[PDB]
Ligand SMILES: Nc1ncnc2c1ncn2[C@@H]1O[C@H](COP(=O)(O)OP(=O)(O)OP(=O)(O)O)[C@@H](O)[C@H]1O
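What follows is a single chain, given as structure tokens, in the form solved without adenosine-5'-triphosphate (ATP).
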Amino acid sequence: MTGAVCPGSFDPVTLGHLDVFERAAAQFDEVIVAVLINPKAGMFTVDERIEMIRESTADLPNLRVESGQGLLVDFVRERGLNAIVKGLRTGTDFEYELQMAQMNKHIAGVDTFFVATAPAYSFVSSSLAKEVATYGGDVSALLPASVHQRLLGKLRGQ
């Protein structure tokens, strides 16, 4: 009965995120992707972000996607789990991630496992992908095909 939670805002989900989802799903019996509700409203609504993740994780039967707000550790514990799996990329503020991990262990006994994303997906972030795409750069190799079309949709209607 093992399980982990993969948290983020995923605005939008990238192949970097998907890589981490896949590895978590391969090593734990159950995975929950936790989508942050946090009113800065990004580019996509929470429902849009959930849909894009669900579309991209259809081949992962033991993964589900749910939104949450408030403490991540509450999200995790209320589902009977006590592990978080967090991806590392180029540009990750790792010191802040370590601070949060130690706090989350202290207040709720939740462990955090870090995994580095694949080199190919190591320089994409949701923010940098949006920025580049806004100015006409090609990020199609860095996002799930579906996500990519939706992004083009939000820009070419702004």
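Quick note: we count residues from 1 along the sequence shown, nothing fancier. Just so we're on the same page, rigid core means the largest C-alpha set that superposes within 1.5 Å between forms.
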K130 left out of the model in a third or more of other PDB entries: no
Coordinates lacking for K40, a third or more of other entries: yes
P39-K40 interval: deposited residues absent from the model: 1 to 3
Mean Cα B-factor comparison, 149-157 or 3-11, giving the higher one as deposited: 149-157
Selected stretch [higher average CA B-factor]: 51-59 or 86-94: 51-59
Criterion, highest CA B-factor; candidates, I32, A120, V115, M43: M43
Modelled-residue ranking by C-alpha temperature factor, third containing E66: highest
Where the record places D19 (Cα B-factor, split into thirds across the chain): lowest
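Same protein, other form: the form deposited with adenosine-5'-triphosphate (ATP) bound, not shown, and the subject of what follows.
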Close approach of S9 to adenosine-5'-triphosphate (ATP) in the entry with it bound, 4.5 Å, heavy atom: yes
Proximity of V124 to adenosine-5'-triphosphate (ATP) in the entry with it bound, heavy atoms at 4.5 Å: yes
Contact test in the entry with it bound: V20 vs adenosine-5'-triphosphate (ATP), heavy atoms, 4.5 Å: yes
Touches adenosine-5'-triphosphate (ATP) in the entry with it bound: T117 (any heavy atom, 4.5 Å): yes
Candidate spot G16, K86 and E97, all three touching adenosine-5'-triphosphate (ATP) in the entry with it bound (heavy atom, 4.5 Å): yes
Residue among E55, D93, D111, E131 with C-alpha shift of 2 Å or more between the shown form and the other one, core superposed: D93
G91 and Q102, C-alpha gap in the entry with it bound relative to this structure (3 Å or more): closer
Direction of Cα pair change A141-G91 in the entry with it bound, magnitude 3 angstroms or more: farther
